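Student: Fold the following and give me the result.
(one chain, ligands or ions: 7)
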Amino acid sequence: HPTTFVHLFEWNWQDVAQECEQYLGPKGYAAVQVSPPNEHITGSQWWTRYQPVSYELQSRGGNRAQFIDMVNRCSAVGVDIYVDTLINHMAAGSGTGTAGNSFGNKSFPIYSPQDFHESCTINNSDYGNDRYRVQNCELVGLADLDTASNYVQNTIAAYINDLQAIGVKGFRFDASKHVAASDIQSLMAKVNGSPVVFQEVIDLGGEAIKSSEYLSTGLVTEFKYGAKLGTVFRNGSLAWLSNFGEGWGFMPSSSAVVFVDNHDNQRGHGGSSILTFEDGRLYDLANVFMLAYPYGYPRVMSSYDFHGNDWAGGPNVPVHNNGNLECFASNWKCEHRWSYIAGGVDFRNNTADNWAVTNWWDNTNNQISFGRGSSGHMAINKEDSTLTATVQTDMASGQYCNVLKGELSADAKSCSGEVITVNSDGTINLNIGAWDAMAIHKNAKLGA
Ligand SMILES: C[C@H]1O[C@H](O[C@H]2[C@H](O)[C@@H](O)[C@@H](O)O[C@@H]2CO)[C@H](O)[C@@H](O)[C@@H]1N[C@H]1C=C(CO)[C@@H](O[C@H]2O[C@H](CO)[C@@H](O[C@H]3O[C@H](CO)[C@@H](O)[C@H](O)[C@H]3O)[C@H](O)[C@H]2O)[C@H](O)[C@H]1O
Ligand SMILES: C[C@H]1O[C@H](O[C@H]2[C@H](O)[C@@H](O)[C@@H](O[C@H]3[C@H](O)[C@@H](O)[C@@H](O)O[C@@H]3CO)O[C@@H]2CO)[C@H](O)[C@@H](O)[C@@H]1N[C@H]1C=C(CO)[C@@H](O)[C@H](O)[C@H]1O
Ligand SMILES: C[C@H]1O[C@H](O[C@H]2[C@H](O)[C@@H](O)[C@@H](O[C@H]3[C@H](O)[C@@H](O)[C@@H](O)O[C@@H]3CO)O[C@@H]2CO)[C@H](O)[C@@H](O)[C@@H]1N[C@H]1C=C(CO)[C@@H](O)[C@H](O)[C@H]1O
Ligand SMILES: C[C@H]1O[C@H](O[C@H]2[C@H](O)[C@@H](O)CO[C@@H]2CO)[C@H](O)[C@@H](O)[C@@H]1N[C@H]1C=C(CO)[C@@H](O)[C@H](O)[C@H]1O
Ligand SMILES: [Ca+2]
Ligand SMILES: [Cl-]
Ligand SMILES: [Cl-]
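Tutor: Numbers count the residues shown, from 1 in each chain. Ligands and ions are numbered 1, 2, ... in the order given. Take a look:
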């Protein structure tokens, strides 16, 4: 049933907790990826979170008690917390952290200069041909930890195990490409149990380091997914997506974390083809495809309008602002609450017993429909005409809520939005307006 997580980028711990109770739990999201909760450098830019100072849980998102409160309140409604984990480095330079600690010259509350690789600079060419420099030199001046050192592994493992002890269920290993896979292996041997671990490795091909090196240590970000999906949605034909996945050169589905955009590449950090909230309904549709299609573990992005400043932090108005939700406009965008996206999550959540593509249909261009066997069916019309084809499904005949537009009542007698009819012979007579879609599934069926 739970199948999809969401990055609540720069949401603080109280907003996450309330969001779990009021929306993510009820709508079936599996987990929240939170911004780094450990002590980091002072400053309001979002990227301060990626400059650690210590592993005390005092950060822009809140203090340790507030962190625990969020973990608990989210867990109470069935939503896990995944922590963005800085395994590669500490802050650059000298300064002060969010818990009051000072640092400088590769000296921190828990590290000294010997705990780091010798200073050198990762240069653009190194990605293509110097594995050693990519993993032992400094990413944009950040102090590169000696991740082969037993002390460093133990210290990072203690941070991970502290977070597990208080209830955290997964971890994003930031900048995993900059850490030898064998160092990550040694780290994981000190990590208690088997939490969810996904490793951030950007590999579109042609580099010294390969995302495939990381398959044995956890899940891996498949950045090919969003890159190719955005190119297809912008310039290509949806019909080509019938074998999306391993046939496009992607890693195995059971290893991949997939997403349309992430916090870096919606700003042009870490792809002019990447779709983001800025693309409106094109983003809706791309998310509907992602969430209906049986490849990967999807992460929905949840952003703020940064008003053209790719460095700015988030709005200084909370999401839950004394009874008003600061979503959808020029503060928080709340893509995870957009109807087509949350509906796609419901569809994925209820078609997970059938990880196949069935009865693929298309018009050779930008209209597609397919099924998850008898568990669900979907269609996307990304053209300017109305889509009225008759398509074959394996669905039981009857009437179904279009979960992109509404939901089934508690009594199961009605839908709050459009109702789709599956005929006696299992067909559907589509009637999909331009740039619209539909999705139905067996657990959103009107019941006699
Ligand atoms: C941002 C990503 O950079 C690399 O990606 C490279 C790909 O690997 C390569 O294939 C090709 O596409 O190029 C890109 C390089 O542009 C890393 O591999 C990838 O891991 C990284 N993403 C994640 C990790 C980091 C680091 O913690 C995050 O970086 C953000 O935070 C840093 C540090 O604050 C910020 O840098 C700022 O500080 C420096 C000085 O320290 C100054 O130059 C300036 O003030 C700031 O830019 C980065 O801007 C920011 O991207 C990233 O968010 C993670 O997702
Ligand atoms: C929820 C789950 O979704 C995804 O898992 C699906 C795989 O991607 C599919 O490939 C398929 O896996 C089958 C393998 O293909 C096959 O080789 C064999 O190993 O059997 C597998 C199981 O049938 O179906 C999987 C769904 O069953 C995604 O890849 C996976 O990561 C997702 N699970 C995550 C989410 C939750 C949230 O609670 C956690 O419990 C899991 O630990 C996460 O990994
Ligand atoms: C928040 C909202 O985002 C989305 O819609 C964007 C559209 O995709 C863009 O096309 C554009 O809409 C313009 C229309 O195209 C145009 O016809 C005219 O009506 O002006 C519109 C606004 O300028 O901009 C939209 C964002 O401003 C996304 O598709 C949509 O689903 C999102 N709506 C959510 C928000 C509300 C508000 O509570 C909810 O009621 C909906 O259920 C959510 O889906
Ligand atoms: C606790 C220190 O451990 C490590 O030092 C080892 C080093 O690995 C080898 O020389 C073997 O012996 C020394 C002494 O144990 C770390 O390399 C060193 O950085 C550690 N000190 C840091 C940690 C603490 C507290 O966690 C601080 O008190 C200290 O200031 C800080 O530098
Ligand atoms: Ca490194
Ligand atoms: Cl702490
Ligand atoms: Cl990522």
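Student: mind checking which helix or strand residue 185 is in?
Tutor: Using DSSP states H and E, the element containing residue 185 is helix 181-189.
Student: Give the full set of residues in contact with the closest residue to ligand 4 within the stretch 1-150 of the chain.
Tutor: Nearest to ligand 4, among the residues of the stretch 1-150 of the chain, is residue 112, at 3.7 Å (Cβ to the nearest ligand atom). Where you see a C-beta, it was placed from the backbone N, CA and C, and this is true even at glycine. Under the criterion of Cβ atoms under 8 Å, 6 or more residues apart in numbering, the neighbours of residue 112 are residue 106.
Student: if we can go back for a sec, how far does the helix holding residue 185 sit from the chain's center?
Tutor: 23 Å (Cα atoms, centre = their mean, to the nearest Å).
Student: same for it, what does it pack against?
Tutor: helix 150-165 (3 or more Cβ pairs under 8 Å, 6 or more residues apart in numbering; DSSP states H and E).
Student: what about the helix it packs on, near ligand 6?
Tutor: No - Helix 150-165 is not in contact with ligand 6 by Cβ under 5 Å from the ion; minimum separation 7.4 Å.
Student: from now on call the first residue 76
Tutor: Sure thing, new numbering starts at 76, so read that last one as helix 225-240.
Student: Of all the residues in that helix, which ones are buried?
Tutor: 227-228, 230-232, 234-236, 238-239 (16 or more other Cβ atoms under 10 Å).
Student: Then stretch 444-459?
Tutor: 444-457.
Student: Adding distance to residue 250, write those residues out as a markdown table.
Tutor: Formatted as a markdown table, the buried residues of stretch 444-459 follow (distance: Cβ to Cβ, whole Å):
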| residue | distance to residue 250 |
| --- | --- |
| 444 | 40 |
| 445 | 36 |
| 446 | 39 |
| 447 | 35 |
| 448 | 39 |
| 449 | 43 |
| 450 | 38 |
| 451 | 37 |
| 452 | 40 |
| 453 | 36 |
| 454 | 39 |
| 455 | 35 |
| 456 | 40 |
| 457 | 35 |
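Student: What about the residues you listed, which are in strands?
Tutor: 444-446, 451-456 (DSSP state E).
Student: Nearest to residue 140 among those residues?
Tutor: residue 451 (42.0 Å; Cβ to Cβ).
Student: ok, now which ones touch the nearest residue to that closest one once chain neighbours are set aside?
Tutor: Using Cβ to Cβ, 6 or more residues apart in numbering and skipping the chain neighbours, the partner closest in space to residue 451 is residue 516 (3.6 Å). Residue 516 sits next to 421-422, 425-426, 447, 450-452, 475, 478 when contact means Cβ under 8 Å, 6+ apart.
Student: Switch those over to a markdown table; also include distance to residue 82.
Tutor: Formatted as a markdown table, those follow (distance: Cβ to Cβ, whole Å):
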| residue | distance to residue 82 |
| --- | --- |
| 421 | 19 |
| 422 | 20 |
| 425 | 23 |
| 426 | 23 |
| 447 | 25 |
| 450 | 27 |
| 451 | 25 |
| 452 | 29 |
| 475 | 30 |
| 478 | 22 |
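Student: so which strand or helix has the residue nearest in space to the middle of the chain?
Tutor: When Cα atoms, centre = their mean is applied to the chain, the residue found nearest the centroid is residue 374 (2.5 Å). Residue 374 is part of strand 372-377 when elements are defined by DSSP H and E.
Student: which residues does residue 430 contact?
Tutor: Counting by Cβ under 8 Å, 6+ apart, residue 430 has contacts 328, 369, 447.
Student: My understanding was that the last one contacts residue 424; is that so?
Tutor: Right, residue 447. No - look at residue 447 against residue 424 with Cβ atoms under 8 Å: they stay out of range, at 11.4 Å.
Student: Next, the buried residues of stretch 121-129.
Tutor: 121-129.
Student: need the residues you listed in a markdown table with secondary structure, can you?
Tutor: Shown next, in a markdown table, are those (DSSP: H, G, I helix; E, B strand; the rest coil):
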| residue | secondary structure |
| --- | --- |
| 121 | helix |
| 122 | helix |
| 123 | helix |
| 124 | helix |
| 125 | helix |
| 126 | coil |
| 127 | strand |
| 128 | coil |
| 129 | coil |
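Student: need those residues in JSON lines with distance to ligand 1, can you?
Tutor: Putting the buried residues of stretch 121-129 into JSON lines (distance: Cβ to the nearest ligand atom, whole Å) gives the following:
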{"residue": "121", "distance to ligand 1": "8"}
{"residue": "122", "distance to ligand 1": "4"}
{"residue": "123", "distance to ligand 1": "6"}
{"residue": "124", "distance to ligand 1": "8"}
{"residue": "125", "distance to ligand 1": "3"}
{"residue": "126", "distance to ligand 1": "5"}
{"residue": "127", "distance to ligand 1": "9"}
{"residue": "128", "distance to ligand 1": "12"}
{"residue": "129", "distance to ligand 1": "16"}
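Student: from the residues you listed, which is closest to residue 287?
Tutor: Nearest to residue 287 among the buried residues of stretch 121-129, with distances taken as Cβ to Cβ, is residue 125, at 25.0 Å.
Student: who's in contact with the closest residue to residue 416 other than its chain neighbours?
Tutor: Once flanking residues are discounted, residue 416 sits nearest to residue 362: 4.7 Å by Cβ to Cβ, 6+ apart. Contact analysis of residue 362 by Cβ under 8 Å, 6+ apart lists 335, 375, 410, 413, 415-416, 419.
Student: any idea how far ligand 3 is from residue 362?
Tutor: 10 Å (Cβ to the nearest ligand atom, to the nearest Å).
Student: same deal with residue 326?
Tutor: 30 Å.
Student: repeat for residue 101
Tutor: Counting by Cβ to the nearest ligand atom - residue 101 and ligand 3 are separated by 14 Å.
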